[PDB]
Amino acid sequence: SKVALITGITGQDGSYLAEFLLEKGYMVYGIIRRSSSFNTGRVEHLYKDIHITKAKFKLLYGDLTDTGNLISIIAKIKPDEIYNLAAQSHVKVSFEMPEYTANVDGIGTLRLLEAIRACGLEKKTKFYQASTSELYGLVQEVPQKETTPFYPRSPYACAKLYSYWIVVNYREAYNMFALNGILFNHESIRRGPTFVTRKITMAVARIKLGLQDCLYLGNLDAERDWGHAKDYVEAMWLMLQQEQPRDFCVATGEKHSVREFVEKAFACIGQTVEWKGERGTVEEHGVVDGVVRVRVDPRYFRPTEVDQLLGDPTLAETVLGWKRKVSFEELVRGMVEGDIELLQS
Ligand SMILES: NC(=O)c1ccc[n+]([C@@H]2O[C@H](COP(=O)([O-])OP(=O)(O)OC[C@H]3O[C@@H](n4cnc5c(N)ncnc54)[C@H](OP(=O)(O)O)[C@@H]3O)[C@@H](O)[C@H]2O)c1
Ligand SMILES: Nc1nc2c(ncn2[C@@H]2O[C@H](COP(=O)(O)OP(=O)(O)O)[C@@H](O)[C@H]2O)c(=O)[nH]1
Ligand SMILES: [Cl-]
C-alpha cells in the first residue's frame, strides 16, 4: 500500500483529500500543528474509533516553519506522495502578517522539497504543491490558463508565487516529480468561517433562525470561479498519477459575483435581497422585506483587490479526465443547508 503525507490535513482540502486517499487504500499521514485546544474537528471522524476500525490513518505533530521536524518526519515515513496543503491561506490576513505568511506559504514549500533531497527520495516521493488562481491577481488574460502570466496582488499571492516557482525549479533541476495544482477558489460546508462564501452561508443560516440581524461584507462586486472542494482534491491526486509531472489549472470555467452569492444564499431560505444605495459604494446595502440584512464595511476591503478570476480547465479535463461535478447552484444550496443543519444539531 502506498504512503501519502498530507500537510494541512486539518484544513478544508486536507480533510477531503484524506477521505479520498483512505478510500483508495493509502496509508495516510497528516501533519498537525500543536494547538492549545481541539483543532482536528474536520478529521475527527477519521480517527474516532481508530482502535476498532484499524484505519490506515495517523496524525503527527509538526510545523512548516521547523525544517528539522519536517525532515525528521519524512525520513521516517518515506512517503510515496506528499501533498503540501498547509498554509496561512487567507488573503486578507496576509496583509496583517505578511512575514509569517511568506515563511509558511513560501519557504515551507522549499523545506519539504529539500527534505525529499536530504532523504534521497527524489526517485520515490511525488510532490503536490497547493498553488492557486490568486497568482493571476490582476489578470493578464481572461479566462486564465496554465500559460497566463502571473500578477500577484497580496503578500499571500507573492508567497504562493515563490512556491510555484521553487517547485518548477526543483522539478527541472533535480528531475523530481514535483508540480503545481493551480486551483481556483473552492468551497464547502468545511470552508473556514471567514472566507466570503462560508461567512455568507453561516450568516444566512443564523438570520433564518433569528440568531443574527445583519451581514457585513466588503466588496460585493468581486467575481470568482467557485467549485466544490471535494471535487478538487481528486484533481490533486490525479496530477500525481500522471506519468510526467506537469502543472494544471483546476476550475469550473464560470464566475459569479459576491453579490450573486449573497442573493442565491438568501434565496435558499426563501428570501429576496434588494440592493439599495449607490451601487458599489459603502452606502450600498441589502434589504430583505424592508429590513437591512447586508451592509458594506470598508474593514473587509483589501488594499489591492483581485477583481475577477475565471479559470480555463481545458488541460485538466483532457489530460487528467477531471471535470467539476458540483454546480454553483448546488454549491450554495449545500452550504446553506449544511449551516442550518449545524445550528439545529
Ligand atoms: N480553498 C481555496 O479556494 C484555495 C484555492 C487555491 C489554493 N488554495 C491552497 O490550498 C491549500 C488548502 O486550502 P484550504 O482551504 O484547505 O486551507 P485551510 O483550510 O486554511 O487549511 C490550511 C491548513 O494548513 C495548516 N497550517 C497553517 N499554517 C501551518 C504551519 N505553520 N505549519 C503546519 N500546518 C500549518 C492549517 O492548520 P490549522 O488548522 O492549525 O490552522 C490547516 O490545516 C492552502 O495551501 C491554500 O492556500 C486554496
Ligand atoms: N473574506 C471576505 N471576503 C470578502 C468579503 N466581502 C467581499 N469579499 C471578497 O470576496 C472575494 C473572495 O475572498 P475570500 O473568500 O476571502 O477568498 P480569496 O479569493 O482567497 O481572497 C475577495 O475579493 C474579497 O475581497 C468579506 O466580508 N470577507
Ligand atoms: Cl492519530
Side-chain angles (χ1 to χ4, degrees), residues 6-17 28-35 39-43 46-47 50 55 57-66 69-70 83-94 100-101 103-105 107-109 111 128-135 137 153-154 156-157 159-160 163 180-188 190-200 203 215-229 232-233 236 250-251 257-259 261-262 294-302 304-309:
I6 304 178
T7 79
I9 196 177
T10 65
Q12 161 180 260
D13 296 356
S15 71
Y16 284 116
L17 183 64
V28 166
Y29 296 88
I31 294 186
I32 67 161
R33 289 201 294 178
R34 195 269 164 168
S35 166
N39 79 328
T40 49
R42 290 191 183 88
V43 293
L46 295 184
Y47 66 77
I50 196 62
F57 187 70
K58 177 78 182 161
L59 298 175
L60 301 161
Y61 280 124
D63 199 282
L64 259 68
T65 62
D66 184 337
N69 155 268
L70 301 181
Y83 300 81
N84 181 39
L85 310 182
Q88 192 301 93
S89 74
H90 206 288
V91 164
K92 175 66 173 177
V93 168
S94 80
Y100 178 83
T101 302
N103 195 23
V104 175
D105 309 353
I107 308 193
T109 306
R111 292 182 180 104
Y128 171 90
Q129 165 64 12
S131 279
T132 173
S133 51
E134 210 61 17
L135 300 173
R153 293 268 287 172
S154 62
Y156 166 84
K160 284 288 192 182
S163 289
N180 287 286
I182 309 168
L183 266 58
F184 285 62
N185 295 61
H186 42 288
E187 330 289 293
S188 76
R190 304 183 190 173
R191 184 80 137 124
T194 71
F195 294 91
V196 74
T197 63
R198 186 70 199 292
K199 176 157 145 164
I200 287 158
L215 160 74
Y216 296 84
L217 289 177
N219 175 21
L220 294 176
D221 297 306
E223 295 178 4
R224 283 318 183 250
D225 185 323
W226 272 314
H228 196 284
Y232 282 36
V233 299
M236 314 177 165
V250 172
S257 72
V258 164
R259 172 183 283 101
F261 204 105
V262 172
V294 187
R295 274 190 248 263
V296 169
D297 189 325
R299 81 164 77 240
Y300 300 116
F301 292 160
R302 290 82 192 269
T304 45
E305 175 66 283
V306 173
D307 287 323
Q308 155 193 120
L309 292 176

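Numbering of ligands and ligand atoms starts at 1, following listing order. Reckoned from all heavy atoms, side chains included, excluding hydrogens, waters and symmetry mates. We're numbering straight along the sequence, starting at 1.
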Below 4.0 Å, non-hydrogen atoms only: which portion of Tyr232 touches ligand 1? Side chain, backbone, both or neither. neither
Whether the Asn84 and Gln129 side chains hold a donor-acceptor pair (N or O, under 3.5 Å, no angle test) is what I'd like checked. yes
Min N/O separation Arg224 to ligand 2 under 3.5 Å: yes
Proximal atoms of ligand 1 relative to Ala130 (non-hydrogen, under 4.0 Å): 9 (C), 10 (O), 11 (C), 45 (O)
Region of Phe195 engaging ligand 1 - heavy atom pairs below 4.0 Å: neither
Polar proximity ligand 1 side, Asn84 side, N/O cut 3.5 Å exclusive: no
May I ask you to identify, for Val104, whether its side chain, its backbone, both or neither come under 4.0 Å of ligand 1 on a heavy-atom basis? side chain
Among all protein heavy atoms, pick the one closest to atom 18 (P) of ligand 2 and tell me residue, atom and distance. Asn185 ND2, 3.9 Å
Just let me know how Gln12 lines up against ligand 1, side chain, backbone, both or neither, with a heavy-atom cut-off below 4.0 Å. both
Heavy-atom contacts with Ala222 under 4.0 Å: which atoms of ligand 2 show up? List them by number with element. 23 (O)
Donor-acceptor side-chain pairing of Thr101 and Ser94 below 3.5 angstrom: no
Can you tell which part of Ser35 has a heavy atom less than 4.0 Å from ligand 1: side chain, backbone, both or neither? neither
Numbering the atoms of ligand 1 from 1, which are under 4.0 Å from a heavy atom of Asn39? 40 (O)
Which residue and atom name correspond to the protein heavy atom nearest atom 6 (N) of ligand 2, and how close is it? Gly218 N, 2.7 Å
Can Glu134 be said to touch ligand 1, with heavy atoms closer than 4.0 Å? no
Among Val196, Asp13, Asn185, side-chain contact (heavy atoms from CB on, under 4.5 Å) partner for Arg191: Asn185
